[PDB]
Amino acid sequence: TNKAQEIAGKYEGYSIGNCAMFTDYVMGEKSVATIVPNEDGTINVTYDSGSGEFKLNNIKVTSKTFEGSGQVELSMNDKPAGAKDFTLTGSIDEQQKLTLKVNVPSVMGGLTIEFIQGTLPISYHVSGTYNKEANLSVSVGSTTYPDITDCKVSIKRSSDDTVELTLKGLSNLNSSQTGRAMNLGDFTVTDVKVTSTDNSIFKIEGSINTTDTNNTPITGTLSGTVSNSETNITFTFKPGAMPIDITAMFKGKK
């Protein structure tokens, strides 16, 4: 059994992209890499990333590792993206998992794409910037303040099933006829848990225990959902030593 056969196979997973302009972007959720031995002991590799198919032929294998270069027609969108040069490196680890990385240096400051074997982490289904059709409605006791439309929530992956969530816009709170506004800043809630019973509606939940951008302590909880680019989140928190909670309901689209 030669070295090419030792790494032969269909490997399934997902593909993540990084360039000068964005990081951790999903290039494909159901990517496939296929390594097939030739009679002479070389391999052909086909990597369907989901935003481009990368092919190499007649490549040599060393210590479960390979590399090569070629041309790819990228399809991050449908449009006729002309051929670009790429280099590809790949290796199979001791547990038979494939790691694969491609560099397309001539586009967007340097585009790299990584193949990661297995299922897409759930946190990718909630991460993003929800600043479209956005609204933030704040209430305390019997007061409901005017709608804030200058606001957003940003969600960043922290692990497979946790995220970091920043609410911006509370600084724009204006007084109501029934009460004065509070001075409130932006804040970030780490360790927010991501779950789903159907892989279509995603629940985000966590306790809040931090300080805002004016250093006011913020304590409480948040609860929301993401589905098809829309989020709805209720934050219930106490600023400082305030003996009543405030509620902020956010909605927006990414």
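Residue indices: 1-based, along the sequence shown.
According to the PDB record, 76-84 carries the higher mean C-alpha B-factor of the two stretches 167-175 and 76-84. When the mean C-alpha temperature factors of 156-164 and 136-144 are read from the deposited coordinates, 156-164 comes out higher. Among 222, 194, 45, 61, the highest C-alpha B-factor recorded in the PDB entry belongs to 61. When the C-alpha B factors of 117, 131, 96, 127 are read from the deposited coordinates, the top value falls at 96. When the modelled residues of the chain are ordered by C-alpha B-factor, residue 71 sits in the highest third. Among the modelled residues of its chain, residue 251 has a C-alpha B-factor that falls in the lowest third, as given in the PDB entry. Sort the modelled residues of the chain by CA B factor and residue 92 lands in the highest third. In the PDB entry, a CA B factor belonging to the lowest third of its chain's modelled residues is recorded for residue 151. Ranked by C-alpha B-factor against the other modelled residues of its chain, residue 34 falls in the lowest third.
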